[PDB]
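# Structural features, examined
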Amino acid sequence: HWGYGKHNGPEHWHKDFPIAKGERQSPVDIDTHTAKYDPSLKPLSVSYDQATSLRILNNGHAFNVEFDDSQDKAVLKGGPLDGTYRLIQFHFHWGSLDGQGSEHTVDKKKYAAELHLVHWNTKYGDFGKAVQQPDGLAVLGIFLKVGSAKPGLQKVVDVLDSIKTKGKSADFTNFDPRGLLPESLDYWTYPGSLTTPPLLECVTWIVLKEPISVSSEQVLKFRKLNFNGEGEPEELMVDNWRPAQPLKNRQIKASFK
Ligand SMILES: CCCSc1ccc(S(N)(=O)=O)cc1
Ligand SMILES: CCCSc1ccc(S(N)(=O)=O)cc1
Ligand SMILES: [Zn+2]
C-alpha cells in the first residue's frame, strides 16, 4: 500500500493512482512574485464558532481530528469560493527535521509542517460525493514554523500518546480549531488536488500567507507518532508530505497586495 517510504512513497503513487501525473495536482510551489493580486477575491469567511470535534484518529499516514459535519456548524465561505463548505477534519504534514515538512512551498521555502482544514461543498450533500467533483472541496492550508508554542495546539499534542499507532482513535470533543489560525487571513488560491491517494482533482486550495508558530516540543511530539500498527516494527511518522508538483496550466491568485 501507498505511504511515505522509499518503497511506497510519492514517486510510486502514480502506478496505482495515475491521476498523480494529472493536470491539477497538489501541492505546488507558490512563486510569490508571479502570483496575481486579484481585487475580485473576497475576504475569507471562517465560521468555526459552533464546531463540534468528535475524535482524533491515527490513520497510518497522519492523524485526523474529525468533526460532526451532519449540520451546518463550522463552515468556510467567501474567498474564492461559491457557496458553503463544511469542515469535516483537519490533519498535518510534517518533517523529520524543522527544515522540511510542508507540502506547499513559498518561493521554494519549506516550512516545518502544514495544517490542512478540509471542507466539502454542501451542494454535493456529503464528502464522498464531493470528492468526485471539481469544486467539491476547499482545503485551508496553514504553514507551521518552529518558535513560540501555539497554545491552541497543545490539546492535540497531549492526546497523541493515546493514538501512537495506526488505527488508534480517542474521543476528542470540544476542540476549537479557531485556536490554530494566524492573525491574518490573507491567502493564495489555486485549483488542485488531494495530496494523498486517491489524488482526486477536487480541491480549491486556499493557503494562508501568515504561518503559525509552534514550539520545538510540540513538533517533536508529532514525530513520536508511528506509521505502523501496534505490535509491528516501529516506523516513526515523519516526512508525511508530498513534494511540489508541476503547476502546468494554472494561475495562483493572491488576495493581498
Ligand atoms: C502492500 C504493498 C505493496 S508494494 C506497493 C504497493 C502500492 C504502492 S502505491 N502505487 O504507491 O499505491 C507502492 C508500493
Ligand atoms: C478521499 C479519501 C482521502 S480524504 C483527504 C485526502 C487528502 C487531503 S489533503 N492532504 O488535505 O489534500 C484531504 C482529504
Ligand atoms: Zn493534507
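Residues numbered from 1 in each chain as written, not as in the entry; some residues may be left out. Chains lettered and ligands numbered in written order. Heavy atoms only, no water. Residues with missing side-chain atoms left out of burial classes, pairs and counts.

For the protein, the PDB entry supplies the name Carbonic anhydrase 2 and the organism Homo sapiens. Per the header of the deposited record, the title is "Crystal structure of human carbonic anhydrase isozyme II with 4-Propylthiobenzenesulfonamide". A UniProt comment under Subunit (literature references left out) is attached to the protein, and it reads "Interacts with SLC4A4. Interaction with SLC4A7 regulates SLC4A7 transporter activity. Interacts with SLC26A6 isoform 4 (via C-terminus cytoplasmic domain)." What the UniProt record of the protein gives under Sequence similarities is the line "Belongs to the alpha-carbonic anhydrase family." (UniProt positions renumbered as here; feature names shortened; annotations may be inferred.)

## Side note on the UniProt feature "binding site: Zn(2+)" in the protein
Residues annotated by UniProt as "binding site: Zn(2+)" correspond here to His91, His93 and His116. On the basis of their most widely separated C-alpha atoms, the annotated residues across 26 residues gather in one place, lying no more than 8.2 Å apart. Summarising the element assignment, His91 is placed in strand β7 (residues 85–94). Setting aside its immediate chain neighbours within four residues, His91 contacts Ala62, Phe63, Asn64, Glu114, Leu115, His116 and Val118. At a separation of 3.2 Å, a polar atom in the side chain of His91 contacts the side chain of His93. As for its placement among the helices and strands, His116 is situated in strand β9 (residues 113–121). Apart from residues no more than four positions distant in its own chain, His116 is found in contact with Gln89, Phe90, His91, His93, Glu103, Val139, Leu140, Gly141, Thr195 and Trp205. A distance of 3.1 Å separates polar atoms of two side chains, one belonging to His116 and the other to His93. (Helix = DSSP H or I, 4+ residues; strand = E, 2+ residues; numbered from the N terminus. Contact = heavy atoms within 4.5 Å. Polar contact = N/O pair within 3.5 Å; in protein donor to acceptor, adjacent residues only side chain to side chain.)

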